Amino acid sequence: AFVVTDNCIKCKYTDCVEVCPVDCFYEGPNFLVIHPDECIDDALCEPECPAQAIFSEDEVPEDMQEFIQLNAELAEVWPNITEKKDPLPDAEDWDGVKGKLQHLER
Ligand code: SF4
Ligand code: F3S
């Protein structure tokens, strides 16, 4: 019930996965999502994200409410990621840029 939002796109640091007790993170080309049914809400991944893109479902910003359903539907099609990887090459350039959902890759 924790949701990855907008600032993850084009950053994808992947520090979030090393602290997940249940391995419920699924990866896309430039984005990660959380499988809402497997997540146990221990909140351990939220302070680990450099993009600060992870939020508890009831705390997801009003203008990013879309990502709640997005994480559930993409967690169903993307592959499981359980290990840390290097961030995307220009992650710091995109950290803090808004409306990055227009750059989301399936
Ligand atoms: S809140 Fe806990 S169980 Fe849910 S995705 Fe984050 S680390 Fe994994
Ligand atoms: S940028 Fe994305 S890959 Fe994890 S560390 Fe943050 S939710």
# chains A, B, ... in the order shown; residues from 1 in each chain; ligands from 1

$ select_by_dssp --residues "chain A" --states "helix (DSSP H, G or I)" --output "number ranges by chain"
A: 6-8, 15-19, 46-48, 57-59, 62-64, 66-75, 91-94, 100-103

$ residues_near_ligand --ligand "ligand 1" --cutoff "8 Å" --atoms "only C-alpha atoms and all ligand atoms" --output "PyMOL selection string"
chain A and resi 1-3+16-17+19-25+34-36+38-46+56

$ write_last_selection --atoms "N, CA and C atoms" --output "mmCIF file, in the first residue's frame"
data_model
loop_
_atom_site.group_PDB
_atom_site.id
_atom_site.type_symbol
_atom_site.label_atom_id
_atom_site.label_comp_id
_atom_site.auth_asym_id
_atom_site.auth_seq_id
_atom_site.Cartn_x
_atom_site.Cartn_y
_atom_site.Cartn_z
ATOM 1 N N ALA A 1 0.821 -1.171 0.000
ATOM 2 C CA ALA A 1 0.000 0.000 0.000
ATOM 3 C C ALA A 1 0.866 1.236 0.000
ATOM 4 N N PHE A 2 2.169 1.091 -0.293
ATOM 5 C CA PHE A 2 3.030 2.238 -0.526
ATOM 6 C C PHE A 2 3.136 2.357 -2.025
ATOM 7 N N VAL A 3 3.122 3.581 -2.560
ATOM 8 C CA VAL A 3 3.099 3.875 -3.982
ATOM 9 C C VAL A 3 4.286 4.698 -4.447
ATOM 10 N N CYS A 16 15.515 1.756 -3.085
ATOM 11 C CA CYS A 16 14.292 1.266 -2.485
ATOM 12 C C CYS A 16 14.177 -0.255 -2.339
ATOM 13 N N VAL A 17 14.727 -1.004 -3.307
ATOM 14 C CA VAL A 17 14.565 -2.470 -3.291
ATOM 15 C C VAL A 17 15.382 -3.226 -2.239
ATOM 16 N N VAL A 19 15.781 -2.728 0.900
ATOM 17 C CA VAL A 19 15.190 -2.704 2.204
ATOM 18 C C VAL A 19 13.838 -3.405 2.178
ATOM 19 N N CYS A 20 13.367 -3.937 1.046
ATOM 20 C CA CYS A 20 12.044 -4.498 1.004
ATOM 21 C C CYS A 20 12.014 -5.903 1.538
ATOM 22 N N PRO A 21 11.397 -6.112 2.692
ATOM 23 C CA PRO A 21 11.222 -7.419 3.286
ATOM 24 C C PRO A 21 10.575 -8.476 2.402
ATOM 25 N N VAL A 22 9.649 -8.057 1.551
ATOM 26 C CA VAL A 22 8.919 -9.004 0.731
ATOM 27 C C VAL A 22 9.212 -8.997 -0.745
ATOM 28 N N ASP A 23 10.134 -8.154 -1.204
ATOM 29 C CA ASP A 23 10.465 -8.056 -2.616
ATOM 30 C C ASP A 23 9.246 -7.818 -3.493
ATOM 31 N N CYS A 24 8.506 -6.713 -3.219
ATOM 32 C CA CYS A 24 7.356 -6.384 -4.050
ATOM 33 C C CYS A 24 7.546 -5.223 -5.041
ATOM 34 N N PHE A 25 8.805 -4.981 -5.454
ATOM 35 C CA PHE A 25 9.087 -3.937 -6.437
ATOM 36 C C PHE A 25 9.233 -4.520 -7.818
ATOM 37 N N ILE A 34 5.203 -0.594 -6.971
ATOM 38 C CA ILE A 34 5.068 -1.477 -5.821
ATOM 39 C C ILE A 34 3.796 -2.276 -6.039
ATOM 40 N N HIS A 35 3.869 -3.599 -5.845
ATOM 41 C CA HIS A 35 2.703 -4.414 -5.950
ATOM 42 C C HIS A 35 1.870 -4.233 -4.722
ATOM 43 N N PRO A 36 0.712 -3.578 -4.807
ATOM 44 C CA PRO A 36 -0.110 -3.198 -3.670
ATOM 45 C C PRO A 36 -0.542 -4.365 -2.813
ATOM 46 N N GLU A 38 1.173 -7.301 -2.284
ATOM 47 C CA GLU A 38 2.289 -7.937 -1.627
ATOM 48 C C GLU A 38 2.925 -7.022 -0.605
ATOM 49 N N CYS A 39 2.901 -5.696 -0.856
ATOM 50 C CA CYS A 39 3.447 -4.733 0.097
ATOM 51 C C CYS A 39 2.872 -4.844 1.489
ATOM 52 N N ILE A 40 3.725 -4.883 2.526
ATOM 53 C CA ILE A 40 3.227 -5.048 3.893
ATOM 54 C C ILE A 40 3.227 -3.773 4.710
ATOM 55 N N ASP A 41 3.425 -2.646 4.023
ATOM 56 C CA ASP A 41 3.426 -1.299 4.602
ATOM 57 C C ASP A 41 4.365 -1.084 5.761
ATOM 58 N N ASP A 42 5.638 -1.657 5.667
ATOM 59 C CA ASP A 42 6.420 -1.332 6.792
ATOM 60 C C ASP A 42 7.085 -0.043 6.695
ATOM 61 N N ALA A 43 6.977 0.684 5.548
ATOM 62 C CA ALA A 43 7.410 2.025 5.297
ATOM 63 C C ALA A 43 8.938 2.208 5.149
ATOM 64 N N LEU A 44 9.603 1.040 5.129
ATOM 65 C CA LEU A 44 11.045 1.018 5.127
ATOM 66 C C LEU A 44 11.694 1.543 3.869
ATOM 67 N N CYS A 45 10.971 1.468 2.746
ATOM 68 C CA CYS A 45 11.496 1.950 1.484
ATOM 69 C C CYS A 45 11.361 3.455 1.327
ATOM 70 N N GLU A 46 10.407 4.146 1.971
ATOM 71 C CA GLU A 46 10.207 5.568 1.748
ATOM 72 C C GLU A 46 11.408 6.446 2.113
ATOM 73 N N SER A 56 3.118 6.587 1.273
ATOM 74 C CA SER A 56 2.089 5.703 1.781
ATOM 75 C C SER A 56 0.872 5.986 0.921
#

$ closest_atom_pairs --of "chain A" --to "ligand 2" --cutoff "8 Å" --atoms "only C-alpha atoms and all ligand atoms" --output "Markdown table"
| residue | atom | partner | partner_atom_place_in_ligand_line | distance |
| --- | --- | --- | --- | --- |
| A:4 | CA | ligand 2 | 7 (S) | 5.4 |
| A:5 | CA | ligand 2 | 7 (S) | 7.4 |
| A:7 | CA | ligand 2 | 1 (S) | 6.6 |
| A:8 | CA | ligand 2 | 1 (S) | 3.7 |
| A:9 | CA | ligand 2 | 2 (Fe) | 6.8 |
| A:11 | CA | ligand 2 | 1 (S) | 5.2 |
| A:12 | CA | ligand 2 | 3 (S) | 3.6 |
| A:13 | CA | ligand 2 | 1 (S) | 4.4 |
| A:14 | CA | ligand 2 | 3 (S) | 3.4 |
| A:15 | CA | ligand 2 | 5 (S) | 4.2 |
| A:16 | CA | ligand 2 | 4 (Fe) | 4.2 |
| A:17 | CA | ligand 2 | 4 (Fe) | 6.5 |
| A:27 | CA | ligand 2 | 3 (S) | 7.9 |
| A:31 | CA | ligand 2 | 2 (Fe) | 6.0 |
| A:32 | CA | ligand 2 | 3 (S) | 5.2 |
| A:33 | CA | ligand 2 | 7 (S) | 7.3 |
| A:45 | CA | ligand 2 | 5 (S) | 7.8 |
| A:46 | CA | ligand 2 | 7 (S) | 7.9 |
| A:48 | CA | ligand 2 | 5 (S) | 6.2 |
| A:49 | CA | ligand 2 | 5 (S) | 3.7 |
| A:50 | CA | ligand 2 | 6 (Fe) | 5.8 |
| A:51 | CA | ligand 2 | 1 (S) | 5.0 |
| A:52 | CA | ligand 2 | 6 (Fe) | 6.3 |
| A:53 | CA | ligand 2 | 7 (S) | 5.5 |
| A:54 | CA | ligand 2 | 7 (S) | 5.6 |
| A:87 | CA | ligand 2 | 3 (S) | 7.6 |

$ residues_around --residues "residue 28 of chain A" --least-positions-apart "6" --cutoff "10 Å" --atoms "only C-alpha atoms" --output "list in words"
residues 9, 12, 74, 75, 77, 78, 79, 80, 81, 104, 105 and 106 of chain A

$ write_last_selection --atoms "N, CA and C atoms" --output "short mmCIF file (atom, residue, chain, number, x, y, z; two decimals), in the first residue's frame"
data_model
loop_
_atom_site.label_atom_id
_atom_site.label_comp_id
_atom_site.auth_asym_id
_atom_site.auth_seq_id
_atom_site.Cartn_x
_atom_site.Cartn_y
_atom_site.Cartn_z
N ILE A 9 10.53 8.49 -12.18
CA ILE A 9 10.73 8.40 -13.61
C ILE A 9 11.95 9.18 -14.07
N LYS A 12 15.07 6.52 -11.20
CA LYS A 12 15.19 5.08 -10.96
C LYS A 12 16.47 4.64 -10.22
N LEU A 74 0.81 -1.84 -13.51
CA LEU A 74 2.14 -2.18 -14.01
C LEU A 74 2.91 -3.24 -13.19
N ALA A 75 2.59 -3.34 -11.89
CA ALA A 75 3.17 -4.40 -11.05
C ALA A 75 2.76 -5.77 -11.56
N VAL A 77 2.52 -6.40 -14.92
CA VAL A 77 3.13 -6.75 -16.19
C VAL A 77 4.65 -6.68 -16.15
N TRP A 78 5.25 -5.89 -15.25
CA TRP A 78 6.70 -5.73 -15.20
C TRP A 78 7.40 -6.84 -14.41
N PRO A 79 8.68 -7.09 -14.65
CA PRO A 79 9.46 -8.05 -13.90
C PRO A 79 9.90 -7.58 -12.51
N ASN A 80 10.00 -8.56 -11.61
CA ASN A 80 10.46 -8.34 -10.26
C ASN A 80 11.89 -7.86 -10.19
N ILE A 81 12.17 -6.78 -9.43
CA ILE A 81 13.53 -6.31 -9.20
C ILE A 81 13.84 -6.42 -7.69
N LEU A 104 7.13 8.39 -19.06
CA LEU A 104 7.05 7.00 -18.64
C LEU A 104 7.13 6.04 -19.81
N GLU A 105 7.99 5.01 -19.67
CA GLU A 105 8.16 4.01 -20.71
C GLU A 105 7.65 2.65 -20.26
N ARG A 106 6.79 2.00 -21.06
CA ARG A 106 6.22 0.68 -20.81
C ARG A 106 7.26 -0.42 -21.00
#

$ atom_distance --atom1 "atom CA of residue 69 of chain A" --atom2 "atom CA of residue 94 of chain A"
23.2 Å

$ atom_distance --atom1 "atom CA of residue 10 of chain A" --atom2 "atom CA of residue 91 of chain A"
5.8 Å
